[PDB]
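Visitor: Pasting an experimental structure, sequence included:
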Amino acid sequence: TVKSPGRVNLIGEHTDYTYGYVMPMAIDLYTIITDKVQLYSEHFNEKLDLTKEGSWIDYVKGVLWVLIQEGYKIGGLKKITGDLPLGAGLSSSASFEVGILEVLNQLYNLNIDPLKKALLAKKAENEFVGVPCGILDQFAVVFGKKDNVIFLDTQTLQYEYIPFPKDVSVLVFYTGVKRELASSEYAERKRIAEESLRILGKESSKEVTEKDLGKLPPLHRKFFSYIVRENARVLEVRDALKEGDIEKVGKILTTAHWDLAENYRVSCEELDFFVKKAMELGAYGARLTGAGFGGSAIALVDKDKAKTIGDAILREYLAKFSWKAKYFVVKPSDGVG
Ligand SMILES: Nc1ncnc2c1ncn2[C@@H]1O[C@H](COP(=O)(O)OP(=O)(O)O)[C@@H](O)[C@H]1O
Ligand SMILES: OC[C@H]1O[C@H](O)[C@H](O)[C@@H](O)[C@H]1O
Ligand SMILES: [Mg+2]
């Protein structure tokens, strides 16, 4: 049996597709996997000689395809339970991918080293399932460590563990919203960023200057100016956190949210409602997490106060919107084990 965590991004959003900085954490809500390929998906109540079908099994088929293309000698396997909500923005995708991968890693004794576990799970999701996405999710879910977040330079895969204060909790709030446009909006942001680097002669958003941004056209400059600003915030969250100044960390997430919401235009009414309400109830800061357009948000909150805050925002939110929102008081966790 294998426990694969989900994940949350502390700071550094829409940054990995230009090879900038990122600071995920694995969280303590999991996927749990228990001759041919025949699996029971407990959530769905349901299913080597490798076609896409249009169903969830496609994540399973993409990992075996990716191990085989790489030459590993594996076989089949014969149940999936879990805490983790699907489609919430807590990357059940990556949890499931690398949970499957590590079952094979353990059984068929592949002794695959961690960073390849992540790069392998991400190729399965990019090439097999049709879904674009940097290394954020797979890395977090594999490299998570107990009382830590992971600073990652995604250009160079150079990472650093930074203790997250034990008397501070990350409040995860799932809005219940998954907008249908989210997918093509992600790809547009991504298309536009790729183009910007290309116009500028640059290879990463770490390199980009004030005079560089002046050379981009209106929308490209609006979108890329945000990324250059996040990169800087990540570095500032990095120092703040290593001094245990969680109030500075919190102020920075807050700035980040409104830069995301106004400029990169990937927030929505209900993420903003959560952030606004978190701040009326004493949070250090709060901010959407993941792609945007719905999904989940985080608030930094004292541990002793977290359930009272969450319950307050939940009821406040459920009076305003009809979606099935949930929240979780979450602990930074170990990656796949
Ligand atoms: N426990 C699971 N059992 C079966 N399928 C799963 C499981 N976890 C994730 N999945 C599959 O992965 C998808 C997760 O979707 P995704 O678009 O990446 O949203 P999220 O960001 O939460 O991962 C689900 O739709 C489902 O097809
Ligand atoms: O930072 C936002 C985030 O959006 C999605 O979650 C992708 O899977 C990530 O790679 C990253 O781009
Ligand atoms: Mg996902």
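Guide: Done, it's in. Residues are numbered from 1 along each chain as shown. Ligands and ions are numbered 1, 2, ... in the order given.
Visitor: what about the helices in the stretch 101-250 of the chain?
Guide: For the stretch 101-250 of the chain, the helices defined by DSSP state H, counting those that start in this stretch occupy 114-123, 136-143, 182-200, 210-214, 218-242, 246-259.
Visitor: what packs against the longest one?
Guide: Read it as helix 218-242. strand 21-22, strand 148-153, strand 158-163, helix 182-200, helix 210-214, helix 246-259 (3 or more CB pairs under 8 Å, 6 or more residues apart in numbering; DSSP states H and E). (Each C-beta comes from the backbone N, C-alpha and C, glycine too.)
Visitor: Rebuild the helices of the stretch 101-250 of the chain as CSV, extending it with distance to ligand 3 and mean neighbour count.
Guide: Compiled in CSV, the helices of the stretch 101-250 of the chain are given as follows (distance: least, CB to the ion, whole Å; neighbours: other CB atoms under 10 Å):
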stretch, distance to ligand 3, mean neighbour count
helix 114-123, 11, 20
helix 136-143, 6, 28
helix 182-200, 10, 16
helix 210-214, 30, 12
helix 218-242, 20, 18
helix 246-259, 20, 20
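Visitor: closest one to ligand 2 among those?
Guide: Comparing the helices of the stretch 101-250 of the chain against ligand 2 with CB to the nearest ligand atom, the closest turns out to be helix 136-143 (3.9 Å).
Visitor: CA-only coordinates of the closest one, as CSV, when you get a sec.
Guide: Output of helix 136-143 as CSV, limited to C-alpha atoms (Å, rounded to 0.1, in the frame of the first residue of the first chain):
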residue,chain,number,x,y,z
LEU,A,136,5.0,22.3,-9.6
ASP,A,137,2.5,19.5,-8.8
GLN,A,138,4.6,16.4,-9.4
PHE,A,139,7.6,17.9,-7.6
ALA,A,140,5.6,18.9,-4.5
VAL,A,141,3.9,15.5,-4.2
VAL,A,142,7.2,13.6,-4.5
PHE,A,143,9.6,15.9,-2.6
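Visitor: hmm, that helix in reach of ligand 1?
Guide: No - figure legend: helix 136-143 not in contact with ligand 1 (CB under 6 Å from any ligand atom); closest approach 7.4 Å.
Visitor: what about that helix and ligand 2, touching?
Guide: Yes - Helix 136-143 lies within reach of ligand 2 by CB under 6 Å from any ligand atom, at 136, 137.
Visitor: That helix vs strand 148-153, what angle?
Guide: 130 degrees (axes from the mean of the first three to the mean of the last three CA atoms, to 10 degrees).
Visitor: Helix 136-143 - contacts with which helices or strands?
Guide: Against helix 136-143 (3+ CB pairs under 8 Å, 6+ apart) you get strand 2-9, strand 24-33, helix 92-107, helix 114-123, strand 148-153.
Visitor: Using CSV, list the CA coordinates for the third one.
Guide: Once side chains and other backbone atoms are set aside, the C-alpha atoms of helix 92-107 remain, and they are given as CSV (Å, rounded to 0.1, in the frame of the first residue of the first chain):
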residue,chain,number,x,y,z
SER,A,92,-5.4,14.9,-7.3
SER,A,93,-4.0,14.5,-10.8
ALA,A,94,-0.4,14.4,-9.6
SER,A,95,-1.2,12.5,-6.4
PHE,A,96,-2.8,9.8,-8.5
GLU,A,97,-0.1,9.7,-11.2
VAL,A,98,2.8,9.4,-8.9
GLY,A,99,0.9,7.1,-6.5
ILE,A,100,0.5,4.7,-9.4
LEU,A,101,4.1,5.1,-10.4
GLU,A,102,5.5,4.4,-6.9
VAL,A,103,3.3,1.2,-6.6
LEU,A,104,5.3,0.0,-9.7
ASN,A,105,8.6,1.4,-8.3
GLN,A,106,8.0,-0.7,-5.1
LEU,A,107,6.6,-3.9,-6.6
